[PDB]
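Given next, in structure tokens, is a single chain: the form deposited in one PDB entry.
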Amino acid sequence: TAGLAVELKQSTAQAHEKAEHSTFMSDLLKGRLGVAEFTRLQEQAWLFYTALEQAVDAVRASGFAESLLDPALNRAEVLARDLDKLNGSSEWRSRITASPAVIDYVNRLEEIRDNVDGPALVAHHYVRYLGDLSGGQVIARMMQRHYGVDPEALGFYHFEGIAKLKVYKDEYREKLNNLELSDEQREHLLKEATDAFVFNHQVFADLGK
């Protein structure tokens, strides 16, 4: 009754809370881990953001949700640069492999990409990017504070090209509210958003293992 942004927040609350409270992310943010574990996180993130951004490109090209799917949000190329700094060479590209959790997540993104499934893609976009815009400074700050990570290796969290960030998040939520969705597409979107948090929790679980 209060618009899609509010409903997404409320519908995904249980899954979001489960993901935010994983042991791996909890130890990472409290300073118990190290730049190594942060680097492993960012390597798995590079795999699933590469897949997410293929799916966003296909959806944007179909004409669905275009103003929401701002290409300034793309993280994959920035993440690779970060991983070039963190690993000290481009060695990582040919070494990293998807964890099982990341295989399932990437598979789902690739299904969404090739189905060109606009409402599913919007769900995954909200769960990753709005997250990144919202709590991302807190993650970048803890990485600098606990681990000494250089801010030039935290480009993923900087969002180059956005000046006023609170404004941008506000407009992102209004763009969600303004999306034209059938009841069926809206249900599909809400369910996919919860699945997105579930995938992310399992990514942190596999990292912890």
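Sequential numbering from 1, following the sequence displayed. The term rigid core refers to the most C-alpha atoms you can superpose between the two forms while keeping them within 1.5 Å.
According to the PDB record, 175-183 carries the higher mean C-alpha B-factor of the two stretches 175-183 and 52-60. 135-143 and 121-129 differ in mean CA B-factor, and the higher of the two is recorded for 135-143.
Remark: of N107, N115, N87, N74, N87 shows the highest value [criterion: C-alpha B-factor in the PDB entry]. Among the modelled residues of its chain, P151 has a C-alpha B-factor that falls in the middle third, as given in the PDB entry.
The PDB entry assigns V167 a C-alpha temperature factor belonging to the highest third of its chain's modelled residues.
Ranked by C-alpha B-factor against the other modelled residues of its chain, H201 falls in the lowest third. In the PDB entry, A15 places in the highest third of its chain by CA B-factor. In the deposited entry, the Cα temperature factor of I96 sits in the top third of values across the chain's modelled residues.
Another form, the form deposited in another entry, is not on view; read the next lines as being about it.
Superposed on the core, the two forms barely differ at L190: its CA moves less than 2 Å between the shown form and the other one. With the core held fixed, the Cα of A19 is displaced between the shown form and the other one by 2 Å or more. The gap between the Cα atoms of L130 and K18 is larger in the other form, by no less than 3 Å, than in this form.
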